[PDB]
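Chemist: Starting off with a structure, shown below.
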Amino acid sequence: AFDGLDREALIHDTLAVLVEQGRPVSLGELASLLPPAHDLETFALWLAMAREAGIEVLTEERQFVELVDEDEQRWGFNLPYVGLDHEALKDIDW
Amino acid sequence: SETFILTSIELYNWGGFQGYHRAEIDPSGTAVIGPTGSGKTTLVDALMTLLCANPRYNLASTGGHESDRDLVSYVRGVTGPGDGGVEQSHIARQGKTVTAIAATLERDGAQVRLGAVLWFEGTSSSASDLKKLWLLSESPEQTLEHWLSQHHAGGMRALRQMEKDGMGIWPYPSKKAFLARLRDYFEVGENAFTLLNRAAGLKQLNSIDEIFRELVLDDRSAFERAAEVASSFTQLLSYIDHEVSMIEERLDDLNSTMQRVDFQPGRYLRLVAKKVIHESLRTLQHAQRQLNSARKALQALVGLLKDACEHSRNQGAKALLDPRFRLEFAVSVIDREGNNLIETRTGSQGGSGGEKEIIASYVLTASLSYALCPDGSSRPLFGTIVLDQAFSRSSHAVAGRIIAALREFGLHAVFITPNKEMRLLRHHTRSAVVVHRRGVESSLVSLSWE
Amino acid sequence: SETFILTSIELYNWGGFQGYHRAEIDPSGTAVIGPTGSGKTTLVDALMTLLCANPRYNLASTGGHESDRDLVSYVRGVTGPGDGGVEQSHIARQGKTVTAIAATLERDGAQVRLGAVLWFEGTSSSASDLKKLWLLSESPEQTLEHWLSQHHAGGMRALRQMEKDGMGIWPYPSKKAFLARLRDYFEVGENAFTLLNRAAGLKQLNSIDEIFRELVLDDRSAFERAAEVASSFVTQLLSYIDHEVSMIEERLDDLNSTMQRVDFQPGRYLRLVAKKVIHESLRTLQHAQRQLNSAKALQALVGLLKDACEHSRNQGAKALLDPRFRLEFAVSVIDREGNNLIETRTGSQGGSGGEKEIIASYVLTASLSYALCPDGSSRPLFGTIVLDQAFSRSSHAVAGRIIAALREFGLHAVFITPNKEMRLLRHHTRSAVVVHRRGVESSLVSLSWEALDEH
DNA sequence: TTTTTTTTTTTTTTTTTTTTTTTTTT
DNA sequence: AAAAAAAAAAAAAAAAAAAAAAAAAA
Ligand SMILES: Nc1ncnc2c1ncn2[C@@H]1O[C@H](COP(=O)(O)OP(=O)(O)OP(O)(O)=S)[C@@H](O)[C@H]1O
Ligand SMILES: Nc1ncnc2c1ncn2[C@@H]1O[C@H](COP(=O)(O)OP(=O)(O)OP(O)(O)=S)[C@@H](O)[C@H]1O
Ligand SMILES: [Mg+2]
Ligand SMILES: [Mg+2]
């Protein structure tokens, strides 16, 4: 039951991608560019950052993301619409 | 396919949640997650308020020994003990306020809603200055906003008038009549909802008979008939025998359906009830035989009956006339492959940290399945159960077995976890509700997957 | 440098462990892991039996509300509630038995070993048939096997014979003298060890005044002098009580001065204050004195004093003659930027599930760090602490603060958890101990982290 | 129709009694 | 090896306070 999840690495990679892109990024593109090891435990961290930094979280419209786990199969996630950017959360401790 | 399942729950000015809020619940079970000190317990207290006649708030934090918060604290939204001074900076809403709650059930087309509106008038805070009104409806076009608008237009006169000016709603200003109507609707037992409230934070068992005599079983004592017979100056015993036979008949079927689950790698549980005889019955039989052989000896029999009807709070006389007290309960562990008893037990005394939790969970879910369907007609009309701080003192396999046990009986469940055990949850769950708090205000987000 | 630390611990026929077993503990913190119901709590109980005068077995299971085991059960090694029959199949060792445990502490160029031997003689289970003998060693050639060898070829006389010819060995047949010698050796307050046992499983705070009036502070009541003066057939009693109160206040000032460096939630720390309240029978006694000064009626004072002395377990007597019951205690939170109260608390009622744990752990470790040697200046001579079911209810963030504060106070710790958490422990500890059960036997394995990683 | 008065129930807190174990003396 | 004094923990009972529901008066 080792390894599990590494929070610091995920935060650093998210920050690097955000500063590289330079434009607002929704959850779908962020997941597509940086696929997660675990489908859950990842969306939760991103939503926590979005709510903490103060970015509005729209809930009237939906975005669809399709993923495949290690043992084949398929999963369809009905995530809400969130727009992340580097400027808003560039100076908040974690 | 005739069971009501929770689907939604709404809030307004409750606890730390200011303004309108919502949350959705999947038919396959959900799981609320969030950091420490976020607001998970508040959301479930809001639900518990609508069901039990005398709730126990914040039960799970202390392990099942005490309660801390009260109703008037939630309405005004107290955050911490504060300090001295006069501004009372630790109270959010001061002066006139208004609050609302709701909850929705759906089985097949049919739909019901539960409600409550509470408000103040001035700057007082005594529990006697808090107006209340309870609602129950089964028609659309009646949402939280409708009630709030009606209340703002007038007062309690405007609210209570909706019944004559509509169809499908029923206001109740007294909580007792409300709960009586609710219990008659679902055909559950007398204390089913109190048991449901207790099951949310109990992680320790002390005696099975206490639970089976206080909550699970109903009251059918023969005090009235005995008093009538005594004052008349015997079918009573046959009546008592019939009532004690029914209990055995129900326990047989309960054991049969519990047999299918493995409490351990190759072992399963079983409930065992035995009969006891007190001295009081012997005296009555002796008096009867003495009277029969005498032919005036009628004075002693009537005196004994009158004494029994007099002190109805002593185990000497209570065990004479109350069929619930003629039995003794305990559990035993039986393994397959040549069924053979291996251990008998009457409580979780002396156990390990993780054994107590699983024993308590098994016993409580069996009791709930009994209570929610008093007779053999089956088809429960209420099918939800909640847990708080789920799997806090156990390992992976124990949690897996608990979840399997819950799924076996046919119950729809929701779990609460301080952001732990995600891998196990993802297999058996198909929704989530994330709560986050910044500053002093909280918020809700919803997800799903397939 | 100059602080003893636990390094090893051995067992023999204790609880479910049959035969001979041992485990090694690193001087930079270790962790104990293993499945549910394997034997983690048994080692802690074996350690606690050697220190406090009246242990509370299996404390952490109930959260700090009830103890549910006894010494004889461990000695004979039961394994459940049984079934009921001719042969008590649920008891491991029946008849004549023998059992020995020992724990060793180490320092820079020194070594001290503690120990105990307990044995039956026939088929009985009364607590008065469990003959006991406690030991304290200083020499390196004393070892558990030596004690068992001596016992098997003799008895109590054989064991006591070791002091006559050997060196650095002192057997005590009575636990009271053993504990007195121990406390004198470590230069430690009178109720520190019971506090250490209590801190293992406590996770709430009903009221901090009880904690300060029962455990941290000493006992310097004045009942005896009052009885002597009463039977002599007075103001000096009051002067004595006032002096005691002043000393208590100075000590509390010292503690709250110490507690500043450690950090609570960011930008905040804690400060402890106490107020003075007078009530009850003090006014009545003063009135009686001033009335008798007018003049007989000398028996009024004698009656009051005798009545107070006789009812030694009532609030009137406590508030009259016990100096530590003339104060009121509460805790406060101070913001670092400037100085201003943010919140004052007298208990832990109404909090969240995870806030109670952090509050309790913080206050308990703060008090314990002072109850040890730095009470009388200098650095602690006994630094170690044991936590059971660590981080059961808190989240990831809170555990970091708990560990950081624990390190800052200057104590070494061991953590006891199931496989629930594996990242923080790997990050902050150095060694692990793995337990396992197969049937009714249990065993121990000791490894460092790299070796397990290589698998 | 709105306000006031009364009764009944539930929970908490303090005090006293009981039992078992340990230590000491003969 | 046996008898006596002392101390710590558990259990039952009495006193008190607060909240809900029904009846009566302006
Ligand atoms: N009556 C109250 N008294 C004091 N603080 C309160 C009260 N009601 C709410 N709060 C505060 O509001 C916060 C909301 O957290 P809760 O919902 O009560 O517990 P929680 O969210 O379950 O945290 P955990 O650790 O997961 S149990 C609490 O942490 C308190 O700080
Ligand atoms: N006095 C006793 N009475 C009954 N069972 C006992 C006793 N002492 C030990 N056991 C058994 O020992 C096992 C539990 O002991 P431990 O393994 O020390 O508990 P544990 O390690 O704390 O388990 P967890 O991790 O806390 S759930 C169970 O099989 C118990 O039945
Ligand atoms: Mg909670
Ligand atoms: Mg344990």
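Please note that chains go A, B, ... in the order of the structure tokens, that every chain numbers its residues from 1, and that ligands are numbered from 1 in the order shown.
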Just need the residues of chain B within 6 Å of chain A, counting only C-alpha atoms, so spit them out as a compact mmCIF listing (two decimals) with N, CA, C and O atoms, in the first residue's frame.
Modeler:
# COMPACT_ATOMS: atom_id res chain seq x y z
N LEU B 447 -20.59 16.10 -8.59
CA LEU B 447 -19.91 15.35 -9.64
C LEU B 447 -20.71 14.09 -9.94
O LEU B 447 -21.76 13.85 -9.36
N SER B 448 -20.19 13.28 -10.87
CA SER B 448 -20.74 11.97 -11.18
C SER B 448 -19.82 11.30 -12.20
O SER B 448 -19.00 11.97 -12.84
N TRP B 449 -19.97 9.99 -12.34
CA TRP B 449 -19.20 9.23 -13.31
C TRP B 449 -19.94 7.95 -13.63
O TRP B 449 -20.88 7.55 -12.93
N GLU B 450 -19.51 7.29 -14.71
CA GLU B 450 -20.16 6.08 -15.18
C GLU B 450 -19.22 5.22 -16.02
O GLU B 450 -19.28 4.00 -15.99
Chemist: Find the residues near stretch 10-20 of chain D: any atom within 10 Å, counting only C-alpha atoms (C1' of nucleotides), skip ones fewer than 3 places away on the same chain, and give them as an MDAnalysis selection string.
Modeler: (chainID C and resid 127 313:315) or (chainID E and resid 8:19)
Chemist: Kindly work out which residues sit at most 9 Å from ligand 1, using only C-alpha atoms (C1' of nucleotides) and all ligand atoms, and give the list as JSON, numbers by chain.
Modeler: {"B": [15, 16, 33, 34, 35, 36, 37, 38, 39, 40, 41, 42, 43, 44, 45, 58, 60, 61, 68, 69, 70, 71, 72, 73, 74, 77, 78, 79, 80, 81, 388, 389, 416, 417, 418, 419, 435, 437, 440, 442], "C": [349, 350, 351, 352, 353, 354, 355, 356, 393, 394, 395]}
Chemist: For chain B, which residue among C:71, C:432, C:60, C:385 is the nearest when counting only C-alpha atoms?
Modeler: C:60
Chemist: Please find the residues of chain C near chain E - the criterion being any atom within 12 Å, counting only C-alpha atoms (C1' of nucleotides) - and write them as a PyMOL selection string.
Modeler: chain C and resi 53-54+56+66-67
Chemist: Pull out every residue of chain C that has at least one atom within 6 Å of chain B, counting only C-alpha atoms, and report them as a count of residues only.
Modeler: 8
Chemist: Identify all residues of stretch 30-226 of chain C in strand (DSSP E or B) (DSSP on the backbone) and supply them as a PyMOL selection string.
Modeler: chain C and resi 30-33+78+91+98-107+110-119+131-137+169+172
Chemist: Please produce a file of the residues just selected, as a CSV table (one decimal), in the first residue's frame, where the atoms kept are N, CA, C and O atoms.
Modeler:
chain,number,residue,atom,x,y,z
C,30,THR,N,10.2,5.8,15.5
C,30,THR,CA,9.8,4.6,14.8
C,30,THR,C,8.3,4.5,14.7
C,30,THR,O,7.6,5.3,15.3
C,31,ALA,N,7.8,3.6,13.9
C,31,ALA,CA,6.4,3.4,13.7
C,31,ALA,C,6.1,1.9,13.8
C,31,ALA,O,6.9,1.0,13.4
C,32,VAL,N,4.9,1.5,14.3
C,32,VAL,CA,4.5,0.2,14.4
C,32,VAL,C,3.2,0.0,13.6
C,32,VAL,O,2.3,0.7,13.7
C,33,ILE,N,3.3,-1.0,12.7
C,33,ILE,CA,2.2,-1.2,11.7
C,33,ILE,C,1.9,-2.7,11.7
C,33,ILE,O,2.6,-3.6,12.1
C,78,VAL,N,-5.7,-15.1,27.7
C,78,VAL,CA,-7.0,-15.4,27.1
C,78,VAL,C,-7.1,-14.9,25.7
C,78,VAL,O,-6.3,-14.0,25.2
C,91,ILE,N,-8.4,-20.4,27.0
C,91,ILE,CA,-7.3,-20.0,27.8
C,91,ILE,C,-6.0,-20.7,27.3
C,91,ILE,O,-6.1,-22.0,27.2
C,98,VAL,N,5.1,-19.2,34.2
C,98,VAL,CA,6.1,-18.2,34.6
C,98,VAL,C,6.2,-17.2,33.4
C,98,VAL,O,6.0,-17.5,32.3
C,99,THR,N,6.4,-15.9,33.8
C,99,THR,CA,6.3,-14.8,32.8
C,99,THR,C,7.3,-13.7,33.2
C,99,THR,O,7.4,-13.4,34.4
C,100,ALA,N,8.0,-13.2,32.2
C,100,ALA,CA,9.0,-12.1,32.5
C,100,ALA,C,9.1,-11.1,31.3
C,100,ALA,O,9.0,-11.5,30.2
C,101,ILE,N,9.1,-9.8,31.7
C,101,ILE,CA,9.2,-8.7,30.7
C,101,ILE,C,10.3,-7.8,31.2
C,101,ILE,O,10.7,-7.7,32.3
C,102,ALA,N,10.9,-7.0,30.2
C,102,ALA,CA,12.0,-6.1,30.5
C,102,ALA,C,12.1,-5.1,29.4
C,102,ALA,O,12.0,-5.4,28.2
C,103,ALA,N,12.4,-3.9,29.8
C,103,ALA,CA,12.6,-2.8,28.9
C,103,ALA,C,13.9,-2.1,29.3
C,103,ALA,O,14.2,-1.9,30.4
C,104,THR,N,14.7,-1.6,28.3
C,104,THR,CA,16.0,-1.1,28.5
C,104,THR,C,16.1,0.3,27.9
C,104,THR,O,15.6,0.6,26.8
C,105,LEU,N,16.7,1.2,28.6
C,105,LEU,CA,17.0,2.6,28.2
C,105,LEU,C,18.5,2.8,28.0
C,105,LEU,O,19.3,2.1,28.6
C,106,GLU,N,18.8,3.8,27.2
C,106,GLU,CA,20.2,4.0,26.8
C,106,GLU,C,20.5,5.5,26.7
C,106,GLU,O,19.6,6.3,26.5
C,107,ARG,N,21.8,5.8,26.9
C,107,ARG,CA,22.3,7.2,26.9
C,107,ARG,C,23.7,7.1,26.3
C,107,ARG,O,24.2,6.1,25.9
C,110,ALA,N,26.1,4.9,29.0
C,110,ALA,CA,25.4,4.5,30.2
C,110,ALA,C,24.3,3.6,29.7
C,110,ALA,O,23.9,3.5,28.6
C,111,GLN,N,23.7,2.8,30.7
C,111,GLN,CA,22.6,1.9,30.4
C,111,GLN,C,21.9,1.6,31.7
C,111,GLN,O,22.5,1.4,32.7
C,112,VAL,N,20.6,1.5,31.6
C,112,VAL,CA,19.7,1.2,32.7
C,112,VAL,C,18.6,0.2,32.2
C,112,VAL,O,18.0,0.5,31.2
C,113,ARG,N,18.4,-0.8,33.0
C,113,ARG,CA,17.4,-1.8,32.6
C,113,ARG,C,16.4,-2.0,33.7
C,113,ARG,O,16.7,-2.1,34.9
C,114,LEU,N,15.1,-2.1,33.3
C,114,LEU,CA,14.0,-2.4,34.3
C,114,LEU,C,13.5,-3.8,34.0
C,114,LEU,O,13.7,-4.3,32.9
C,115,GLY,N,12.7,-4.3,34.9
C,115,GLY,CA,12.2,-5.7,34.7
C,115,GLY,C,11.3,-6.2,35.8
C,115,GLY,O,11.1,-5.5,36.8
C,116,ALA,N,10.6,-7.3,35.5
C,116,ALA,CA,9.6,-7.9,36.4
C,116,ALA,C,9.5,-9.4,36.1
C,116,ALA,O,9.7,-9.8,35.0
C,117,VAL,N,9.2,-10.1,37.2
C,117,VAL,CA,9.0,-11.6,37.1
C,117,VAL,C,7.7,-11.9,37.8
C,117,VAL,O,7.5,-11.4,38.9
C,118,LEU,N,6.8,-12.7,37.2
C,118,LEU,CA,5.5,-13.0,37.8
C,118,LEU,C,5.2,-14.5,37.5
C,118,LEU,O,5.5,-15.0,36.4
C,119,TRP,N,4.7,-15.2,38.5
C,119,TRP,CA,4.5,-16.6,38.3
C,119,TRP,C,3.4,-17.1,39.2
C,119,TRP,O,3.3,-16.7,40.4
C,131,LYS,N,2.1,-14.2,42.6
C,131,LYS,CA,3.3,-13.7,43.3
C,131,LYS,C,4.2,-12.9,42.3
C,131,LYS,O,4.3,-13.3,41.1
C,132,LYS,N,4.8,-11.8,42.8
C,132,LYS,CA,5.4,-10.9,42.0
C,132,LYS,C,6.8,-10.5,42.5
C,132,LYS,O,7.0,-10.7,43.7
C,133,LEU,N,7.7,-10.0,41.7
C,133,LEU,CA,8.9,-9.5,42.1
C,133,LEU,C,9.5,-8.5,41.1
C,133,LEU,O,9.6,-8.9,39.9
C,134,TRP,N,9.8,-7.3,41.5
C,134,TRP,CA,10.3,-6.2,40.6
C,134,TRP,C,11.8,-6.1,40.7
C,134,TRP,O,12.4,-6.4,41.7
C,135,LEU,N,12.4,-5.6,39.6
C,135,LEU,CA,13.8,-5.5,39.5
C,135,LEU,C,14.3,-4.2,38.9
C,135,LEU,O,13.6,-3.6,38.2
C,136,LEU,N,15.5,-3.8,39.2
C,136,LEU,CA,16.2,-2.7,38.6
C,136,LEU,C,17.7,-3.0,38.5
C,136,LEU,O,18.3,-3.4,39.5
C,137,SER,N,18.2,-2.8,37.3
C,137,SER,CA,19.6,-3.3,37.0
C,137,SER,C,20.4,-2.1,36.5
C,137,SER,O,19.9,-1.2,35.9
C,169,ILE,N,22.4,-4.4,41.2
C,169,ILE,CA,21.1,-5.0,41.2
C,169,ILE,C,20.3,-4.8,42.5
C,169,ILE,O,20.9,-4.9,43.5
C,172,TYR,N,13.0,-5.4,44.6
C,172,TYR,CA,12.0,-4.9,45.5
C,172,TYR,C,10.8,-5.7,45.5
C,172,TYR,O,10.2,-5.9,44.4
